[PDB]
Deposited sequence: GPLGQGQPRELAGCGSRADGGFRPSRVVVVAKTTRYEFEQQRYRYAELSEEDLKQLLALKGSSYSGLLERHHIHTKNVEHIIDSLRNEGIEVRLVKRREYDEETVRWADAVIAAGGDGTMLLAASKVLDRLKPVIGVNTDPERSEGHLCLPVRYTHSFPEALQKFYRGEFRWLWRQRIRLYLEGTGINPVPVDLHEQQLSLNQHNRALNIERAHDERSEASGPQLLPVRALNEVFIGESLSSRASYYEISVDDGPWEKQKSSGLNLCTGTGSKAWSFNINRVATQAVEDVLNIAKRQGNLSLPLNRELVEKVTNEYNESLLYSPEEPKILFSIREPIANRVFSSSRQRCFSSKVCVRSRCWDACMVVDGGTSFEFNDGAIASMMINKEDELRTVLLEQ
């Protein structure tokens, strides 16, 4: 039931297409990796010809060439690849009126929950028609804003895909989540946390995940979901201390469902990842004081910010940061 129907048609003049970098292409900077490159490149051409046949002026760019100037030149952004390319596309759109549309250029292998339905990959003119008639819904997805302050801070971001101070609004917003933790996988993180302006709790864990409704289907879900076997063990323990397989798969699914919420809900699902002796809650604001030696904040898996002892971060949710996305019929 999400979104709202378009008031009129969507008939843009200028569109930037940002295209995924294929596994084959990553080497330039065995048979099947070339195939998946042809499939993708073929679908990007299909997208570009469709735009051009309608009369939309089109710029094709890769990650290295997708900058703020092209976003401002464009009336709309089209991410051609997968959910990651949606994440790339959105990282440089800060205007809540500029639409961002994702097309899964490889349906049979990288099914992407942030892109149009797979039918519109091979039938993309049909999507452009529906846009023209106004037969679609706008969906404004909430995103997370990040402020950084403290001593020895560094607000300059690092693109992971290419290898005393007042509060500072960081240059990206999180569509999926903000991950806060030590740069290195195997080293535990130490920080003080304040949820909704509450008291500071000292915490030692393997990181923090702060996600949106959009992001709740992503890392947060795998951080927090329970397996059908665990539910079965819990019940057997309860049945033994105090059961069909369809009845067990249903409690699991109902439980795992409660981990998911609407991408329109302006709330943060805050998960403490593997705490060491509240692990998860909803919130409007979270503030983290870093107490670690070599930590980072990673936004949507791609933009990293240094986050070392004496840095303070505050994440919250602002209407200005909504991402204008679309919902198509089928």
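- Counting the deposited sequence from 1, the stretches lacking C-alpha coordinates are 1-12, 42-63, 198-219, 299-303, 339-345.
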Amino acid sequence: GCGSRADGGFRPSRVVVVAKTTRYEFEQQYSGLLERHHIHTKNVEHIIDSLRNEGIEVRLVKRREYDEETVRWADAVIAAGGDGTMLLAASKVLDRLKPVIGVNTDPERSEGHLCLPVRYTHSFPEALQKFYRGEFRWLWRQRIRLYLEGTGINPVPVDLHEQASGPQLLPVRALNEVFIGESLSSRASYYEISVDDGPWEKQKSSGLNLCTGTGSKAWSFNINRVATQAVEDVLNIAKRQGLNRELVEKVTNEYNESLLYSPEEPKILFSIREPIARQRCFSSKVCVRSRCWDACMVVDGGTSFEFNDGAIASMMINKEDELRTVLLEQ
From here on, numbers count along this sequence of modelled residues.
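- Across the other PDB entries of this protein whose models span the neighbouring residues, residue 242 goes unmodelled in a third or more.
- For residue 129, the record comparison shows coordinates present in all the other entries of this protein that model its neighbours, with no third of them leaving it out.
- Of the two stretches examined, 3-11 and 320-328, the record assigns the greater average C-alpha temperature factor to 3-11.
- A summary of the deposited B-factors shows that, of 15-23 and 307-315, the stretch with the larger mean C-alpha value is 15-23.
- Per the PDB record, 41 has a higher Cα B-factor than any other of 41, 284, 70, 271.
- Comparing C-alpha B-factors across 122, 143, 187, 96 in the deposited entry, the largest value falls on 122.
- In the PDB entry, residue 206 places in the lowest third of its chain by CA B-factor.
- Ranked against the other modelled residues of its chain, the C-alpha B-factor of residue 34 as given in the entry falls in the highest third.
- In the PDB entry, residue 137 places in the middle third of its chain by CA B-factor.
- The entry lists a Cα temperature factor for residue 300 that places it in the lowest third of the chain's modelled residues.
- Ranked by C-alpha B-factor against the other modelled residues of its chain, residue 59 falls in the middle third.
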